[PDB]
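Q:
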Amino acid sequence: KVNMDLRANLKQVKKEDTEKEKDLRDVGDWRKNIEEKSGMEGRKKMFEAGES
Numbered sequence: 083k084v085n086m087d088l089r090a091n092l093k094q095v096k097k098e099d100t101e102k103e104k105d106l107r108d109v110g111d112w113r114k115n116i117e118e119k120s121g122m123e124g125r126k127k128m129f130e131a132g133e134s
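Converting from the sequence shown to this note's numbering requires adding 82 to each position, the first position being numbered 1.
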């Protein structure tokens, strides 16, 4: 999966603001973190839509 290794290589975790972030394959904790406090933040804040 070269084309892939490149995609991430270039792309990769890229963000400019907690709210504005870009999660990629290399998500892992990085994502979970930002992910939690980034998009899902406002989202749920707008309508968690059930818990757990």
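Every residue gets a Cβ at the ideal spot worked out from N, C-alpha and C, and that includes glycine.
1) Counting C-beta neighbours from all protein chains within 10 Å, is the total for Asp105 16 or more, i.e. buried, or is it exposed?
2) Taking the C-alpha atoms as reference points, what is the distance between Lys114 and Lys97?
3) Look at the Cβ atom of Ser120, then the Cβ atom of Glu101, and state whether they are nearer than 8 Å.
4) Quick check: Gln94 and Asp108, are their CB atoms within less than 8 Å of each other?
5) Go to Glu118, then tell me how far its alpha helix (DSSP H) extends in each direction, as first and last residue.
A: Looking at the atomic coordinates:
1) buried
2) 14 Å
3) yes
4) yes
5) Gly110 to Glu118
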